[PDB]
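A.B. asks: With the input below, show me the fold.
(chains A, B, C, D and E)
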Amino acid sequence: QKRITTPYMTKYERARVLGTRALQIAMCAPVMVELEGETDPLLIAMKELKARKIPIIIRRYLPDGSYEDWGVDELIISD
Amino acid sequence: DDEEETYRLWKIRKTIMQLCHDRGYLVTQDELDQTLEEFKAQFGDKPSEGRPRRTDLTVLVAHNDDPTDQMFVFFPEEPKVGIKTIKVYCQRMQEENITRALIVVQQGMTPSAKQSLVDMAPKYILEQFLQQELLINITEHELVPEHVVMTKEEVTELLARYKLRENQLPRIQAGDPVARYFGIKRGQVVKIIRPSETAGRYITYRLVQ
Amino acid sequence: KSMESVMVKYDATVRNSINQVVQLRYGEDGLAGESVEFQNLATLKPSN
Amino acid sequence: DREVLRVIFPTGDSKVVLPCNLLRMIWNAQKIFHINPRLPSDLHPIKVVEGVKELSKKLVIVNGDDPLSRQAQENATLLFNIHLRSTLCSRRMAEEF
Amino acid sequence: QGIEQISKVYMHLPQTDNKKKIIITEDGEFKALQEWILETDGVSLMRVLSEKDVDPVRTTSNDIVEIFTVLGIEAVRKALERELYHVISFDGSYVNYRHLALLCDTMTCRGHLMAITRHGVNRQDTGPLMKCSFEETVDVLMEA
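C.D. replies: Numbering: from 1, shown residues only, chains lettered A, B, ... in the order given. Sharing the structure here:
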């Protein structure tokens, strides 16, 4: 509640989320989506992003020092 | 020559009327649209050794919001305004209990009076204006966008809306010609409205510092 | 060197490292340059 | 809005840069929906006007209900709103598009 | 007779729309009147503006310092935008207006003409490490 940041996920947010989630998957993090014949952590992370199943929360820091916590599932993906 | 000098006096008077109107002091539409022939009808002589004199050209205006609050405009005849002249104006202002005065100056002013105005600034706010500067109203220039002095309440609302500090806003020097035109002091805010080729209109805020 | 830290912040304003506000909205409309393109205003030129 | 545009562009240069290409989007809609320019249309003018109004409400650059935010939004999307109204006017929609 | 600091004055009719005087006729159409505009090899903006029969609105100068000292910081912003756009578009090249606006806004942000050169950049207040990246790192750290 009381969120002023854009509801859409920025390109930088998408890039960092994909990279971090791919690193976790490569480090054997549980996969929130059902992968079929997929081994590349980046591809798995992209599948999770499309499914909106990535378990990551983005903390957007506003200029005034406050921050807003947005769920990846809550944000709107560009694709 | 006297014709050119009376044309000047008319031009400076017109610029002063526009300046007062912009500052918000009550000014009649006739005074704003006073033709050169109308000014020459009002005074009816040449400036040099004639009826229209800088002493007779002084202008008194009253603020629209507060009629009690008033502003003086003084034209000293001497080409170099002296401490005695500033003291005369100071005592005259004391008579009417008026705080704000625009001393339109000739080609120059004496440095001692330059510091005297600052010394007496708190009790009385005296602003020196060159006749050459006042010969043209710079606010009508195409480059200059629209400037509006924000009230303290409006500044508070702006800072609350953008969660900003006064330090974070863009700055405008108190010595800026437009800042002097509007008679804005340090700590005030100017809302600048300018057309935008991308958005159509854009509002900026500048803190007087 | 002058414009290194100038940035579009999460409040949609443009600010430098000092956090001073350079523009309230980037480009004065809050739009990225990639998406915009030229168009003609139909009501500007024609007569009354 | 025409007077506002006259003020904004005294030189009368109609070429402007705006996010959405309304003419190309209208052409795309015509091709997608097989709009026949010969037969009469079933698009109702007050539907056109109301859709333009609601779309203008939805195009938010500055969000907030306070007067300052509303004025900022209006100024931010002033030019695009003017172009949108001119392009999606009922007259043009019924006549050409 | 005449104004000092002005060596030569050229008078000519402009053949381009930008320098032509565009007005709105009674019918509402845009008419580009061909008017006499004169340029100078010197700069005295205050005097030239105060001169009679000289358009006090359209008359301008190509000197940013003169624009600053006469019209103000906002006029500097606008005129700097115009000059930078003129140099960019002289060869027919086009640059998005937002970049021009950002550069001019950064240059005029502090209320006074800030030179992009080190001379004006040093005026900007920045952390010690930022000033070190600029120049004079060792002495800046010494003072800090």
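
A.B. asks: the strands in chain A, which residues?
C.D. replies: Per DSSP state E, chain A carries strands over the ranges A:57-61, A:67-71.

A.B. asks: Mean neighbour count and distance to residue E:137 for those - can I get that in a markdown table?
C.D. replies: Just so you know, the C-beta spots here come from the backbone N, C-alpha and C atoms, and that holds for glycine as well. As requested, these are exported to a markdown table (neighbours: other C-beta atoms under 10 Å in any protein chain shown; distance: least, C-beta to C-beta, whole Å):
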| stretch | mean neighbour count | distance to residue E:137 |
| --- | --- | --- |
| strand A:57-61 | 14 | 29 |
| strand A:67-71 | 13 | 34 |
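
A.B. asks: Relative to residue A:23, which of those is closest?
C.D. replies: Residue A:23 lies closest, by C-beta to C-beta, to one member of the strands of chain A: strand A:57-61, at 16.0 Å.

A.B. asks: Need the three-state assignment for residue B:200.
C.D. replies: Counting by DSSP: H, G, I helix; E, B strand; the rest coil, the backbone at residue B:200 sits in coil.

A.B. asks: Quick check: residues of chain A near chain C?
C.D. replies: With the criterion set to C-beta under 8 Å from any C-beta of the partner chain, chain A comes near chain C through A:4, A:5, A:6, A:60, A:61, A:62, A:63, A:64, A:68.

A.B. asks: Closest to residue A:27 out of the residues you listed?
C.D. replies: residue A:60 (25.5 Å).

A.B. asks: Chain D versus that closest one, what's the distance?
C.D. replies: Residue A:60 sits 15 Å away from chain D, going by C-beta to the nearest C-beta, to the nearest Å.

A.B. asks: got it, and residue A:23?
C.D. replies: 34 Å.

A.B. asks: Quick one: residues contacting that residue.
C.D. replies: Residue A:23 makes contact with residue A:41, according to C-beta atoms under 8 Å, 6 or more residues apart in numbering or on different chains.

A.B. asks: cool, and residue B:143?
C.D. replies: Contacts for residue B:143 were tallied using C-beta under 8 Å, 6+ apart; they are E:60, E:67, E:71, E:74, E:75, E:78, E:79.

A.B. asks: Now do the contacts for the first one.
C.D. replies: It stands for residue E:60. By C-beta under 8 Å, 6+ apart, residue E:60 lies in contact with B:141, B:142, B:143, E:45, E:67, E:79.

A.B. asks: just checking, the fifth one touches residue E:79?
C.D. replies: Yes. In this structure residue E:67 lies within contact range of residue E:79 using C-beta atoms under 8 Å: 4.6 Å.

A.B. asks: Need the residues touching each of those two.
C.D. replies: Joint contacts of residue E:67 and residue E:79 (C-beta under 8 Å, 6+ apart) are B:143, E:60, E:61.

A.B. asks: Tell me the spacing between the closest residue to the last one other than its chain neighbours and chain D.
C.D. replies: Among residues not flanking residue E:61 along the chain, residue E:45 sits closest, at 4.7 Å (C-beta to C-beta, 6 or more residues apart in numbering or on different chains). With distances defined as C-beta to the nearest C-beta, the gap from residue E:45 to chain D amounts to 22 Å.

A.B. asks: what's the neighbour count on residue E:45?
C.D. replies: A count of nearby residues for residue E:45, using other C-beta atoms under 10 Å in any protein chain shown, gives 18.

A.B. asks: what does residue B:175 give?
C.D. replies: For residue B:175, the neighbour count with other C-beta under 10 Å is 11.

A.B. asks: For residue B:80, see how far away it is.
C.D. replies: Separation of residue B:175 from residue B:80 (C-beta to C-beta, to the nearest Å): 22 Å.

A.B. asks: what does residue D:9 give?
C.D. replies: Remark: distance between residue D:9 and residue B:80 (C-beta to C-beta) = 48 Å.

A.B. asks: And the two? Which one has more around it.
C.D. replies: Neighbours of residue D:9 and residue B:80, each counted by other C-beta under 10 Å, are more numerous for residue D:9; the result is 21 against 13.

A.B. asks: Ignoring the adjacent residues along the chain, who's closest to that one?
C.D. replies: residue C:44 (6.1 Å).

A.B. asks: Please tell me how far the one you found sits from chain A.
C.D. replies: In terms of C-beta to the nearest C-beta, residue C:44 sits 32 Å off from chain A.

A.B. asks: got the residues of chain D near chain B?
C.D. replies: So chain D meets chain B at D:4, D:7-9, D:16-17, D:64, D:66, D:68-69, D:71-72, D:75-79, D:82 (C-beta under 8 Å from any C-beta).

A.B. asks: In strands, which of the residues you listed fall?
C.D. replies: Using DSSP E, the residues of chain D next to chain B in strands are D:16, D:17.

A.B. asks: List the contacts of the residue of chain A most remote from its centre.
C.D. replies: What lies farthest from the middle of chain A is residue A:64; by C-alpha atoms, centre = their mean that is 24.4 Å. Counting by C-beta under 8 Å, 6+ apart, residue A:64 touches B:163, C:11.

A.B. asks: switch to 7 Å and redo it
C.D. replies: residue B:163 (C-beta atoms under 7 Å, 6 or more residues apart in numbering or on different chains).

A.B. asks: How about residue B:93?
C.D. replies: Residue B:93 neighbours (C-beta under 7 Å, 6+ apart): B:72, B:101, B:124.

A.B. asks: mind putting those in JSON lines, neighbour count included?
C.D. replies: As requested, the contacts of residue B:93 are exported to JSON lines (neighbours: other C-beta atoms under 10 Å in any protein chain shown):
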{"residue": "B:72", "neighbour count": "20"}
{"residue": "B:101", "neighbour count": "23"}
{"residue": "B:124", "neighbour count": "17"}
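
A.B. asks: distance of residue B:103 from chain A?
C.D. replies: 44 Å.

A.B. asks: what's the answer for residue E:88, then?
C.D. replies: Applying C-beta to the nearest C-beta to residue E:88 and chain A gives a distance of 28 Å.

A.B. asks: go on, residue E:64?
C.D. replies: Following C-beta to the nearest C-beta, the distance that separates residue E:64 from chain A is 30 Å.

A.B. asks: do residue B:47 as well
C.D. replies: 58 Å.

A.B. asks: Pull the number of nearby residues for that residue.
C.D. replies: For residue B:47, using other C-beta under 10 Å, the count is 21.

A.B. asks: check contacts around it.
C.D. replies: Residue B:47 neighbours (C-beta under 7 Å, 6+ apart): B:2, B:5, B:6, B:9.

A.B. asks: residues making contact with stretch D:66-77?
C.D. replies: B:157-158, B:161, B:199-203, C:25, C:29-30, D:59-63.

A.B. asks: So which of the residues you listed is the closest to chain A?
C.D. replies: Of all the contacts of stretch D:66-77, residue D:63 has the smallest distance to chain A: 6.9 Å, by C-beta to the nearest C-beta.

A.B. asks: distance of the closest one from chain C?
C.D. replies: Noted for residue D:63: a distance of 9 Å to chain C, by C-beta to the nearest C-beta.

A.B. asks: where does that residue fall, phi/psi-wise?
C.D. replies: According to degrees, to the nearest 10, the main-chain angles of residue D:63 amount to phi -100, psi 140.

A.B. asks: Neighbours of it, how many?
C.D. replies: Around residue D:63 there are 13 residues (other C-beta under 10 Å).

A.B. asks: what does residue E:27 give?
C.D. replies: Neighbours of residue E:27 under the rule other C-beta under 10 Å: 9.
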